[PDB]
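A single chain, nothing else alongside it, follows as structure tokens in the form deposited in one PDB entry.
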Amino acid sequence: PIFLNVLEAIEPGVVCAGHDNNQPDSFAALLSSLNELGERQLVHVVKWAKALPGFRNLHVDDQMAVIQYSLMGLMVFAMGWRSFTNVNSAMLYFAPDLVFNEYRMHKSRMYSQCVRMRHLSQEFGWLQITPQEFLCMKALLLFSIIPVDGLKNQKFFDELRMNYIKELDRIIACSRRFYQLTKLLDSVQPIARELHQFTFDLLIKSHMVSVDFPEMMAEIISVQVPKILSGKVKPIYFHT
């Protein structure tokens, strides 16, 4: 199992947010730590992605664009999984120092999005998703959102996507399963778009609510995320 060996080997380790758990859950505090956490996870997602089989086949500009467009979905999917295996989806395990209970979910003003994510997290139990299926599905999420007008070398992207779908189909090797797993993958995207909308809004009013964005995250939110929210960049859904 060469392919699964590689996915297992490259899987990021623990990322902490740096959150002060002695201060009171304030909107500004929770969100400033979520933004810092997003930057810390991006650093790891970049190194992960670049070690993936075949990823370096993509044009270099397309490499970074694909990582940026898919970052939210990747983080959501992985956090659903951490939640499942750590706390059985009782709470959202964003990081070991940033675990959300209902109260946090309300205080962050992301309650509706958090309930979806915990629902996704519960799915990993309701479907009995294996670690190996989780890893294949996560690698496919990286190849699941692109500009409607295509990437710079779109044939190379299509080839990669095709092969990652095949690897997922093998690991399954039943048609029920593939249907379920592709439906679960599709369910990530509406959640990512809700988070994207929330994040962009927060950046625009960030001065007046006293939330800090790291530079890298501010640049992505102002350059890349609007392309998604304006419909230039859209997810690849399996269904509908």
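Numbers follow the displayed sequence, beginning with 1.
S.K.: Unmodelled stretch from the deposited sequence between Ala173 and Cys174, which bin: none, 1 to 3, 4 to 9, 10 or more?
M.R.: Missing residues, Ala173 to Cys174: 4 to 9.
S.K.: Mean CA B-factor: is it higher for 45-53 or for 179-187?
M.R.: Mean CA B-factor is higher for 179-187.
S.K.: Comparing 83-91 with 101-109, which stretch shows the greater average C-alpha B-factor in the deposited entry?
M.R.: Stretch with the greater average CA B-factor: 83-91.
S.K.: Reading the B-factor column of the entry, which of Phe77, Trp126, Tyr164, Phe157 has the highest value at its C-alpha atom?
M.R.: In the PDB entry, the greatest C-alpha B-factor among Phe77, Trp126, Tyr164, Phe157 is found at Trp126.
S.K.: Pick out which of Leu34, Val209, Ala192, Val66 has the highest C-alpha B-factor in the PDB entry.
M.R.: It is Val209.
S.K.: When the deposited Cα B-factors of this chain's modelled residues are ordered and cut into thirds, is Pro24 in the lowest, the middle or the highest one?
M.R.: It falls in the top third of the chain.
S.K.: Using the B-factors in the PDB entry, rank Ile220's C-alpha atom against the chain and give the third, lowest, middle or highest.
M.R.: CA B-factor rank for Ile220: middle third.
S.K.: Looking at the entry's B-factor column for C-alpha atoms only, identify whether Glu39 ranks in the lowest, middle or highest third of its chain.
M.R.: It belongs to the lowest third of the chain when residues are ordered by C-alpha B-factor.
S.K.: Please place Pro131 in the lowest, middle or highest third of its chain by C-alpha B factor as given in the entry.
M.R.: For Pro131, the deposited C-alpha B-factor lands in the highest third.
S.K.: What third of its chain's C-alpha B-factors does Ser121 belong to: lowest, middle or highest?
M.R.: Its C-alpha B-factor, which the entry lists for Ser121, ranks in the middle third among residues of this chain.
What comes next is about the form deposited with a partner chain bound, which is not displayed.
S.K.: Would you point out which of 62-70, 201-209, 27-35, 178-186 contains residues with a non-hydrogen atom within 4.5 Å of its partner chain in the deposited complex?
M.R.: It is 62-70 that comes within 4.5 Å of the partner.
S.K.: Among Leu42, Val46 and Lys50, does every residue place a heavy atom within 4.5 Å of its partner chain in the deposited complex?
M.R.: All of them do, each having a heavy atom within 4.5 Å of the partner.
S.K.: My question is simply whether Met216 lines the interface with its partner chain in the deposited complex - judged by any non-hydrogen atom within 4.5 Å.
M.R.: Answer yes; at least one heavy atom of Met216 falls within 4.5 Å of its partner chain in the deposited complex.
S.K.: Although its partner chain is absent from this view, report whether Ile220 comes within 4.5 Å of it in the deposited complex, heavy atoms only.
M.R.: Heavy-atom contact with its partner chain at 4.5 Å: present for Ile220.
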